[PDB]
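Since the structure comes first, as structure tokens, the remarks are kept for the end.
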Amino acid sequence: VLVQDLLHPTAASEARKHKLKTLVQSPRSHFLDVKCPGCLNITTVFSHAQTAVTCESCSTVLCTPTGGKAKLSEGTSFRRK
Amino acid sequence: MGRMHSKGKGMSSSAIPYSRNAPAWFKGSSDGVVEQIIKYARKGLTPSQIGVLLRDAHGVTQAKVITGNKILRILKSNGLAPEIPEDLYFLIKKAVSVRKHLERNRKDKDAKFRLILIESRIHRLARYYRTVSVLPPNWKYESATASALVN
Amino acid sequence: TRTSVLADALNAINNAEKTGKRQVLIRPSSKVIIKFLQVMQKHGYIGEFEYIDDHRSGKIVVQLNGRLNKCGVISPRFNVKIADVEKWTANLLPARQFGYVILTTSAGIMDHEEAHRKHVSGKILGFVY
Amino acid sequence: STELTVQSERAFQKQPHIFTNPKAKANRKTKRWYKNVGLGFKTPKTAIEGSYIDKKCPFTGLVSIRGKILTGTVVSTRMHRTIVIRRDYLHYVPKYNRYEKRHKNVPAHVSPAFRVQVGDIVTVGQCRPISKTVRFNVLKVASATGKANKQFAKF
Amino acid sequence: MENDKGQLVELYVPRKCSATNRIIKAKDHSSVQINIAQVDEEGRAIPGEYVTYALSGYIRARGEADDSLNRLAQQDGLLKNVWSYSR
Amino acid sequence: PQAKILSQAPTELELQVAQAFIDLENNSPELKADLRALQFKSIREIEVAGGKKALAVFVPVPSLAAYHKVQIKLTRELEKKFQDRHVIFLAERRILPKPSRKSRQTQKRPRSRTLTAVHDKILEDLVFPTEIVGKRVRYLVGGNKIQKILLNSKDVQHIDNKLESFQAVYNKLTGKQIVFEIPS
RNA sequence: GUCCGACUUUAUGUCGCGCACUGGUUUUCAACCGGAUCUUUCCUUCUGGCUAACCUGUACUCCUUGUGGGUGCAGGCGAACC
Ligand SMILES: [Zn+2]
């Protein structure tokens, strides 16, 4: 109060403000690199995808929709992009 | 948070990041993305559906950031844009659903309320798309041209 | 629907200044706001402010130095003659000694004395004192 | 306009005191006197080679343009061989320091040498008293379409 | 302020709030004045020589005078790492 | 093969830079198959305070995409050969002014042909290997504009000392002064 | 420079309002109004005057080598005006 560096605020402060109230509109979604149990066809998967995605090479559900981020199909493995 | 047809005041939306250029990690190039887009369009898929599929099944964040241009305009480039934008089309379809409900049963006077609200939305979009030279001005809308076009 | 962007900007400025906030956040951040603020600073009524880009209209962060007592817009940009400006003076400026009704003319956004010594009159924007 | 063989009504249409010579070994159809009004106006092409009469044409007719010049918007084309132009402008009522968008509609005369659609933007000029409604007369249509010069989408 | 001759006719040039850069009332019996005694290198009192901070009671009313005092104390090089420019 | 890669030949400095590019063309097996379609557009030097200099090559913005594709190795080799020199790969611009009310409508100017467009793009490609993350500007009490620029902390090590050269080149480009800042 | 009030019938050195009336403005000063301009910077430009004018260039010279100074006549600045 009565002074802030709202041009240079604490990073955790933006981190704890959700979307559109940051200095720059900074989405929190990201990507993941995902390995399917069946085939080694490495793929990229959106954080908050909607469609029940199956691998393009072979049909096997990988991620399942929710209100928020879509659940993985519990079978695959992931790493940060 | 305008929200004509209710008292809604929700700003729930999606905020684009800062980079209008493609992200560093991405490997595909614009032309291949365009060919994927046009093949998807020839499947008979509405542009918003194809945008969602590009975002999910691939690292296609923005059509414009990757291929330098947006989906509808590209689909116009190859002479394959549908006659009606997906927005007005889906609204007309929902209006047809409402109409079939009200013809099936009568006492849904509150459904008459929804009907007038929706058809007001159609009137708004009709004025807009007449001004901006998308539809020819000759186009009107009562009940049955919807039945022919949608069905 | 944000109608007059500079109106909202100065309204926030005045609100915080009354509250005492040494700084203000302005959402729309248009050219008119910017030029109003260089007039603001050149007269000495405000400190150093900053512009943020968004690829959408940016943002404004103005540092309050307390010297301001009020901003204020005249949202109907009433059409003013060269002689009439003085009356606006006696109706908005706290005294004839100082105080600056800001008006936009073909030359640009200026203080009223700037316009008078240029002998040019345009349309009215607001006031500072 | 006069619609497809001007020589239609119960009387002939001839630009007065111009003699179509049958004694000339020429077979030149007719002598169509023509003239430029001036003021930086260009007489349109279709007027020189036309066949119509339009005694009230500024170019091929008898009327002489002089006085006021105005700009307006076509509002009604139904009337035969004439036109009505709406003029929308602002009026400063002094009590409130405000302007006022009101309209005044004025009839003018169109030569067949012009093609007019509703909503076109036209320069009009002053002339002799032509009719109790018409005291002005068109010169030329700048905005021939407004936005409709391109209508197809075939890339 | 000044006369035509060039004399300061005005009585009472006012004080200005060291916190919010604002004038101080004469009747508003809430203005606060803080005397900060200078301390020598060796740990003694230095009476007579000491700095002053005149803070308007407005901050005593809104309730943020604490941050103001911390601000002025840290900035003036008398106090260490209590106040932050970015919170 | 100099005469084909400059299009007009005054100012021998440009031809010696072309000679250095040809020397780059010497190492074929990987530094070729792309370097054939490279050209110069009246290269100009840029002075820098302190003694250093910053080279400014210009591109007809045709396949500048291929340049930025194979850029970094060319950049470093040009630095190694032209010692004490910092080359900047500008996009040469034929920028257009605004239509004045007095001036006659002259085929309405696309915004790509605007001062803002050229200046923003030239900043965006001034430090190519890393994207600028943000733009700021301040307006001093004296009445002078200062644009502040925020570049990614990630991928900064590829320049790490040429910010002064960037300030110099762009200030002499337009007079709009520049001071960078890096987030943590 | 012109000079004005202290000094009284008349006048000056001297003290003073540090110019009461007029300039150079590089006295650094500050402006603030334009104007030319280099901006990748248009302020519409031609078709002809008339060429205003001097990159002109012809004799090169009235002349102290020296651009201190100009009559002159096809290219060629028009913007000085038609
Ligand atoms: Zn698979």
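Here the Cβ is made from the backbone with ideal geometry for all residues, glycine too, and neighbour counts use every protein chain on show. Quick note: the coordinates plus some simple rules give every number you see, no bench work behind them.
Below is a table of values for the structure above.
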item	result
Cα-projected label distance for D:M79 with C:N65, points at 7 Å along beta-carbon direction, nm	6.7
For the stretch B:1-150: relative contact order, % (alpha-carbon pairs under 8 angstrom, 6 or more apart)	17
5 Å-binned pair-distance histogram of chain C (Cα, whole percent)	2, 11, 22, 24, 20, 13, 7, 2, 0
Debye log10 I(q)/I(0) for the stretch B:82-151, one point scatterer per Cα, at q = 0.13, 0.16, 0.18, 0.27 Å⁻¹	-0.38, -0.56, -0.69, -1.33
Positive-end residue, chain A charge dipole about Cα centroid, Cβ charges, pick of A:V53, A:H8, A:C39	A:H8
For the stretch D:37-78: rounded, prolate or oblate by the Cα gyration tensor [a/c cutoff 1.5]	oblate
Nearest-20 debye value, the protein assembly as shown charge dipole, Cβ charges on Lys, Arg, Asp, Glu	5640
Neighbour cut-off at most 16 other Cβ (10 Å), DSSP loop, chymotrypsin sites (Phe, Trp or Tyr not before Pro), the stretch E:1-84	E:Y12
Candidate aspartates and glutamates for bridging to C:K87, where Cα separation is under 18 Å - those fewer than 8 sequence places away on the same chain excluded	C:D111, C:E113, C:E114
Set C:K81/D:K140; F:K148/F:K172; F:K52/F:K98; F:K69/F:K135; C:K70/E:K27; F:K52/F:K154 screened for pairs whose C-alpha atoms are more than 28 Å apart	C:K81/D:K140; F:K52/F:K98
Chain E, dipole about Cα centre (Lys/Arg Cβ +1, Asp/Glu Cβ -1), debye to the nearest 20	420
Dipole of the protein assembly as shown, positive direction: furthest Cα of C:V80, D:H103, F:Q157, with charges on the beta-carbon	D:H103
Qualifying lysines (Cα of each under 21 Å from Cα of B:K76; at least 8 residues distant if same chain)	B:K39, B:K43, B:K64, D:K147, D:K150, D:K154
Förster radius 22 Å - calculated FRET efficiency between F:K108 and C:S30 (Cβ-Cβ, nearest 0.05)	0.45
Under 25 Å between alpha carbons - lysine pairs in chain A that sit 8 or more apart or on different chains	12
Likely footprinting exposure, F:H158, A:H30, fewest C-beta neighbours within 10 Å first	A:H30, F:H158
Unit Cα scatterers, Debye sum, the protein assembly as shown: log10 I(q)/I(0) for q = 0.05 Å⁻¹	-0.48
Residues with amide H under 5 Å from that of F:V133, placed H, sequence gap 5 or more	F:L150, F:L151, F:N152
Two-decimal log10 I(q)/I(0) for the stretch B:27-81, as the Debye equation yields it once each C-alpha is a single scatterer, q = 0.16, 0.19 Å⁻¹	-0.38, -0.55
Dipole magnitude (debye, nearest 20) for chain D, charges at Cβ of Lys, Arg, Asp, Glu	220
Rounded, prolate or oblate (a/c below 1.5 giving rounded, otherwise prolate when a/b exceeds b/c) for chain F by Cα gyration tensor	oblate
Neighbour-count order for A:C39, C:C71, A:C58, fewest beta carbons within 10 angstrom listed first	A:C58, A:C39, C:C71
Sites D:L90 and D:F12 - FRET efficiency at Förster radius 51 Å, r taken between beta-carbons, to 0.05	0.55
Scaled radius of gyration (Cα, divided by 2.2 N^0.38 Å) that the stretch C:71-129 gives	0.97
Spin-label pair E:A26/F:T116, simplified geometry with 7 Å Cα→Cβ offset, distance in nm	5.4
Least to most buried among C:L64, D:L90, D:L70, D:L4 (fewest other Cβ within 10 Å first)	D:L4, D:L90, D:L70, C:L64
Theoretical ellipticity at 222 nm over chain B - DSSP helices of four or more residues, -39500 (n - 2.57) apiece, nearest 500	-17500 deg cm²/dmol
Inter-part distance where the stretch A:13-49 and the stretch D:111-143 are each reduced to a Cα centre, Å	65
Cα-projected label distance for D:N105 with B:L45, points at 7 Å along beta-carbon direction, nm	5.4
More than 20 Å apart - percent of Cα-Cα pairs taken over the stretch F:75-169	54
Pairwise FRET efficiency - F:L140 versus C:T3, Cβ, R0 = 25 Å, nearest 0.05	0.20
Span from the the stretch F:15-46 Cα centroid across to the the stretch C:4-52 one, whole angstrom	51
Those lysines that a straight Cα-Cα span of less than 21 Å connects to D:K23, excepting residues fewer than 8 apart in one chain	D:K14, D:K31
Whole-number percent relative contact order across chain E, with pairs defined as alpha carbons under 8 Å at least 6 apart	23
Relative contact order (%) - criterion: Cα under 8 Å, at least six apart; region: chain C	25
